[PDB]
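Only one structure is covered here, and it is reproduced in the block below.
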Amino acid sequence: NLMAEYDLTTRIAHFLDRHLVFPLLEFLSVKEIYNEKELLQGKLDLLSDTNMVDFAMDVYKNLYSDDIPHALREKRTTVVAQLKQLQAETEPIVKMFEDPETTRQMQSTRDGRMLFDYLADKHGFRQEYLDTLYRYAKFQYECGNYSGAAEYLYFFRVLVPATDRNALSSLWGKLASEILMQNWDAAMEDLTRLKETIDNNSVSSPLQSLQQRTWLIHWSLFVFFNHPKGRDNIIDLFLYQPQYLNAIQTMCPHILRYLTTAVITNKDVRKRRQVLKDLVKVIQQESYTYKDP
Amino acid sequence: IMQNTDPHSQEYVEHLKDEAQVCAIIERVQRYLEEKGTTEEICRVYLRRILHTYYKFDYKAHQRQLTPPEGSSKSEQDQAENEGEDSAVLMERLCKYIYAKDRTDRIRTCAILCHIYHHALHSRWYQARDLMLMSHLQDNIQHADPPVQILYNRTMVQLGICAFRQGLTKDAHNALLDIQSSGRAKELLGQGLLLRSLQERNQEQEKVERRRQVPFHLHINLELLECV
Amino acid sequence: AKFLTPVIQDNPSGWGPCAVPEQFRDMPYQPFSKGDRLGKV
């Protein structure tokens with residue numbers, strides 16, 4: 001009961017994508033802190049809104065019986081029909097990216113406008129094909145094909161102007177896909193680009209910018225605890241950036257656990273002693289909203 | 001009436017009995033406008049209901065905290081009359097509706113000041129502080145109307161008294177410093193004129209400042225303020 | 001100990017929050033610092 005009192009999984013999950021919650025639920029199942037039946041029910045409820053129908057059927061069998069509900073079989077049939085339709089719509093677009101000349105141009109050209117104009121002139125590429133590629137990447141992600149989703153979101157991100165409505169969502173989807181693949185070096189690069197995009201957005205409301213930073217803080221935990229430079233980046237991001245410190249103090253005071261742990265576990269004794277004075281002030285300011293051991 | 005009756009006569013206590021009837025009429029008119037009213041009429045009644053509740057210390061909420069329910073059995077009828085919605089929950093509901101639906105920066109500004117005053121009156125310093133800081137009213141209040149400035153000055157005194165009740169002597173001193181060091185605290189709080197300034201003012205300005213005075217049952221004792 | 005699944009907001013149109021948190025829906029956004037000095041007369 002005391003172990004469950006300090007569990008942050010439910011609080012963190014509110015700022016995560018559904019697919020990023022499954023590794024946390026698997027960790028709780030291995031720790032036997034919660035009732036396994038209630039944990040499997042919560043896993044089933046989260047899977048019900050995903051396209052991972054085969055995984056939902058396996059969880060349902062473990063919870064109830066081998067009798068798979070008609071609704072799950074019908075959902076499987078619908079998902080397979082949508083997959084075939086989206087594959088047929090995306091097949092001509094994927095063939096344009098398989099051209100070895102296009103692949104060289106994508107690696108050499110950093111300007112997405114020039115790359116779009118080149119594809120438009122050579123292959124008749126259109127803006128509608130980017131929206132089809134984005135929908136296909138989302139569908140592959142919802143099916144649990146994170147490697148395919150990361151590849152299609154990479155093509156989308158290189159071609160899309162930074163002002164597109166889906167530009168920010170594509171950075172989030174690529175970061176989620178790289179985290180789920182455990183590609184921590186690529187996830188660190190995508191986290192840095194996502195951060196720079198959020199911090200350089202001058203048109204978003206202060207409230208939207210706060211929400212985006214709050215989500216970035218939670219998603220960054222996966223990257224920073226698994227990447228060898230992550231512990232230093234937690235300190236520099238959460239304690240020394242006023243925008244992120246304000247997001248922690250306002251929306252997510254429970255992140256002070258991770259910040260405190262990153263300061264205490266820091267390898268540089270000089271950095272640790274200097275940073276600790278500023279950490280103590282922040283902990284003392286939030287001691288009315290958040291307390292843990 | 002409560003600006004023109006003497007504060008020390010028995011007649012003041014008699015006219016204060018009618019305040020309960022005024023509060024009941026405003027509640028009847030609130031319920032009626034929640035069913036049929038426009039959002040701009042609702043936000044105005046919510047401000048009037050807030051205005052007669054924000055200064056009243058909820059002795060019923062405090063009595064409910066002083067008797068934990070250890071063990072005596074009486075009547076389900078005495079429970080239905082105890083489901084009187086806490087002055088704090090009512091204040092939070094009415095204020096959140098104003099913040100989400102108000103088209104006027106005035107009604108919003110009065111509601112946040114009454115909300116901070118009601119948190120400060122109930123020893124809830126952290127909530128009152130965080131609402132005051134989030135509002136950024138410290139910079140903007142200099143251009144607001146003088147009755148809203150009097151409400152802000154009364155809310156700042158109440159924040160200083162709330163910090164003092166929490167043992168935060170430094171933050172209490174800081175919040176009260178400018179008000180008491182002015183030598184004009186009675187005027188800044190709308191509690192009267194200082195006789196020493198009567199010699200320097202126009203009779204027409206004095207007659208407008210007298211109408212801006214808060215009733216005596218809304219005063220914060222200046223001797224309590226100076227002692228704190 | 002009952003494991004309660006955290007409420008995750010799903011965004012089908014992009015990466016990030018799809019709605020303002022309920023705690024801030026009815027509040028005009030103004031940035032403030034808890035270190036700012038109170039007590040302006």
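Naming scheme: A, B, ... for chains in displayed order of the structure tokens; residues 1 onward per chain; ligands 1 onward as shown.
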
Inset, instruction - Can you pull out every residue within 10 Å of range 255-268 of chain A, counting only C-alpha atoms, but drop anything in the same chain fewer than 5 positions away, and send it as JSON, numbers by chain? - result: {"A": [8, 12, 214, 217, 218, 221, 224, 225, 230, 231, 232, 233, 234, 235, 236, 237, 238, 239, 245, 247, 248, 249, 273, 274, 275, 276, 279, 280, 282, 283, 286, 290, 291, 292, 293]}

Inset, instruction - Give me, as JSON, numbers by chain, the contact residues of chain B against chain A at a cut-off of 12 Å, counting only C-alpha atoms. - result: {"B": [124, 125, 126, 127, 130, 134]}

Sorted per-residue table, chain C near chain B, closest atoms and distance, 7 Å, only C-alpha atoms, as CSV:
residue,atom,partner,partner_atom,distance
C:25,CA,B:100,CA,6.9
C:26,CA,B:100,CA,3.7
C:27,CA,B:99,CA,5.2
C:28,CA,B:99,CA,6.6
C:30,CA,B:134,CA,5.7
C:31,CA,B:134,CA,6.0
C:32,CA,B:134,CA,4.8
C:33,CA,B:133,CA,6.7
C:34,CA,B:133,CA,6.8
C:38,CA,B:175,CA,5.6
C:39,CA,B:175,CA,3.4
C:40,CA,B:138,CA,6.1
C:41,CA,B:178,CA,5.6

Export of prior selection with N, CA, C and O atoms as a compact mmCIF listing (two decimals), in the first residue's frame:
# COMPACT_ATOMS: atom_id res chain seq x y z
N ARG C 25 -9.42 25.97 -17.94
CA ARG C 25 -10.39 26.23 -19.01
C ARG C 25 -11.11 27.57 -18.82
O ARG C 25 -11.26 28.31 -19.79
N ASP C 26 -11.47 27.89 -17.60
CA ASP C 26 -12.26 29.06 -17.26
C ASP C 26 -11.42 30.22 -16.68
O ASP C 26 -11.94 31.20 -16.16
N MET C 27 -10.09 30.12 -16.79
CA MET C 27 -9.17 31.11 -16.24
C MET C 27 -8.38 31.80 -17.37
O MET C 27 -7.65 31.14 -18.10
N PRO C 28 -8.45 33.13 -17.50
CA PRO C 28 -7.59 33.87 -18.42
C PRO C 28 -6.11 33.65 -18.08
O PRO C 28 -5.67 33.86 -16.94
N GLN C 30 -2.45 34.35 -17.48
CA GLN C 30 -1.47 35.39 -17.18
C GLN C 30 -0.27 34.77 -16.45
O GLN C 30 -0.44 34.17 -15.40
N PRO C 31 0.95 34.92 -17.01
CA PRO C 31 2.14 34.41 -16.35
C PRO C 31 2.46 35.22 -15.09
O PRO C 31 2.45 36.45 -15.10
N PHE C 32 2.79 34.53 -13.99
CA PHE C 32 3.22 35.12 -12.73
C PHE C 32 4.40 34.35 -12.15
O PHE C 32 4.60 33.16 -12.44
N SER C 33 5.19 35.00 -11.31
CA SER C 33 6.27 34.37 -10.55
C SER C 33 5.91 34.33 -9.07
O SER C 33 5.60 35.36 -8.48
N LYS C 34 6.06 33.17 -8.44
CA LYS C 34 5.90 33.03 -6.98
C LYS C 34 6.93 33.84 -6.17
O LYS C 34 6.74 34.06 -4.98
N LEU C 38 4.76 40.89 -3.21
CA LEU C 38 3.39 41.33 -2.95
C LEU C 38 3.37 42.59 -2.07
O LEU C 38 4.37 42.95 -1.44
N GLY C 39 2.23 43.28 -2.03
CA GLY C 39 2.02 44.44 -1.14
C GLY C 39 2.15 45.81 -1.81
O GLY C 39 2.51 46.78 -1.16
N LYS C 40 1.88 45.91 -3.12
CA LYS C 40 1.76 47.22 -3.79
C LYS C 40 0.46 47.90 -3.36
O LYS C 40 -0.61 47.35 -3.56
N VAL C 41 0.57 49.10 -2.81
CA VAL C 41 -0.59 49.91 -2.40
C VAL C 41 -1.21 50.59 -3.62
O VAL C 41 -0.50 51.14 -4.45

Legend entry - Distance query range 9-24 of chain C at most 7 Å, only C-alpha atoms, self and fewer than 3 positions along chain excluded, as number ranges by chain: A: 14, 17-18, 166, 168-173, 211-212, 215; C: 27

Determine, for each residue of chain C having at least one atom at most 6 Å from an atom of chain A, the closest pair of atoms and their separation in Å to one decimal, counting only C-alpha atoms; order by chain and ascending number, as CSV.
residue,atom,partner,partner_atom,distance
C:1,CA,A:34,CA,4.4
C:2,CA,A:34,CA,4.9
C:3,CA,A:34,CA,4.9
C:5,CA,A:42,CA,5.3
C:6,CA,A:10,CA,3.5
C:7,CA,A:14,CA,4.8
C:8,CA,A:14,CA,4.3
C:14,CA,A:169,CA,3.1
C:15,CA,A:169,CA,3.4

Output file for the residues above (N, CA and C atoms, as a short mmCIF file (atom, residue, chain, number, x, y, z; two decimals), in the first residue's frame):
data_model
loop_
_atom_site.label_atom_id
_atom_site.label_comp_id
_atom_site.auth_asym_id
_atom_site.auth_seq_id
_atom_site.Cartn_x
_atom_site.Cartn_y
_atom_site.Cartn_z
N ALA C 1 -3.40 -3.41 -4.01
CA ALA C 1 -3.40 -2.06 -4.54
C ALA C 1 -4.00 -2.07 -5.96
N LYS C 2 -5.12 -1.39 -6.16
CA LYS C 2 -5.75 -1.28 -7.47
C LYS C 2 -4.93 -0.32 -8.32
N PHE C 3 -4.39 -0.79 -9.42
CA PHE C 3 -3.78 0.06 -10.44
C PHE C 3 -4.89 0.76 -11.22
N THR C 5 -5.56 3.09 -14.30
CA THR C 5 -4.93 3.54 -15.54
C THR C 5 -4.96 5.07 -15.61
N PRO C 6 -3.83 5.74 -15.87
CA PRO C 6 -3.81 7.18 -16.03
C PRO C 6 -4.65 7.60 -17.25
N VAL C 7 -5.37 8.69 -17.16
CA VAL C 7 -6.13 9.27 -18.27
C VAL C 7 -5.15 9.89 -19.25
N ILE C 8 -5.03 9.29 -20.46
CA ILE C 8 -4.18 9.78 -21.55
C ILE C 8 -5.10 10.41 -22.60
N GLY C 14 -2.16 15.18 -34.51
CA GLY C 14 -0.80 15.63 -34.25
C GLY C 14 -0.22 15.15 -32.92
N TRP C 15 1.01 15.57 -32.63
CA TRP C 15 1.68 15.26 -31.38
C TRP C 15 1.52 16.42 -30.39
#

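Take CA of residue 184 in chain B and CA of residue 226 in chain B: the distance between them is 12.2 Å.
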